[PDB]
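Undergrad: Here the numbering used here is used: the first residue of the sequence shown is 1, the next is one more, and so on.
There's a structure below that I have some questions on.
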Amino acid sequence: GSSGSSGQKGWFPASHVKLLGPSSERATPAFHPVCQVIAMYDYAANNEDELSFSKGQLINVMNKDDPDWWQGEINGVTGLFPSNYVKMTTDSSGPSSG
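See below:
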């Protein structure tokens, strides 16, 4: 909804904004993540701050600024989860050579 924390800047995003003027655009339908990973173990968000997902859930890493914790999405749901509870899917682009 709004800015929750201001003083503490532990985690920082990786998005660069070069727009001049009134930048008021509704959430864009198209998003460009950084990578795609899969849940290794059913993760249960202790609170609304974390992301609640199961083993083999669709998680698209968008910001991995933290080598310990990563951020992904699931069915239009964004949260926070450790980079240790996911394994790079490495989705291959194209069928095997044959």
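Every residue, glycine too, gets a C-beta built ideally from N, C-alpha and C.
On the premise that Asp-66 lies in contact with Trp-11, defined as a C-beta separation below 8 Å, what is that separation, rounded to the nearest angstrom?
TA: Indeed, because the Cβ distance is near 6 Å, the residues count as touching under 8 Å.
Undergrad: Considering only DSSP beta bridges, list what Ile-59 is partnered with.
TA: Partner(s): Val-37.
Undergrad: Rounded to the nearest angstrom, what separates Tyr-85 and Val-34 at their Cα positions?
TA: C-alpha separation (whole angstroms): 17 Å.
Undergrad: Closer than 8 Å, CB to CB, is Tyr-85 near chain C or not?
TA: This model lacks chain C altogether; it includes just one protein chain.
Undergrad: Tell me the rounded alpha-carbon separation between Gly-21 and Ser-83.
TA: Looking at the two C-alpha atoms, the distance is approximately 37 Å.
Undergrad: Does the contact criterion of 3 or more C-beta pairs under 8 Å hold for the region 57-75 versus the region 91-98?
TA: Too few Cβ pairs lie closer than 8 Å, so no.
Undergrad: Check each candidate in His-32, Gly-7, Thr-89, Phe-53 and name the one with the smallest Cα separation from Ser-15.
TA: It is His-32.
Undergrad: For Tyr-43, count neighbouring C-beta atoms within 10 Å of its own C-beta (all shown protein chains included) and say buried if the count is 16 or more, exposed if not.
TA: Classification for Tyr-43: buried.
Undergrad: Leaving aside the five residues before and after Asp-91 along the sequence, list all residues of the same chain whose C-beta is less than 8 Å from its C-beta, in chain order.
TA: Within the same chain, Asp-91 has close Cβ partners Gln-36.
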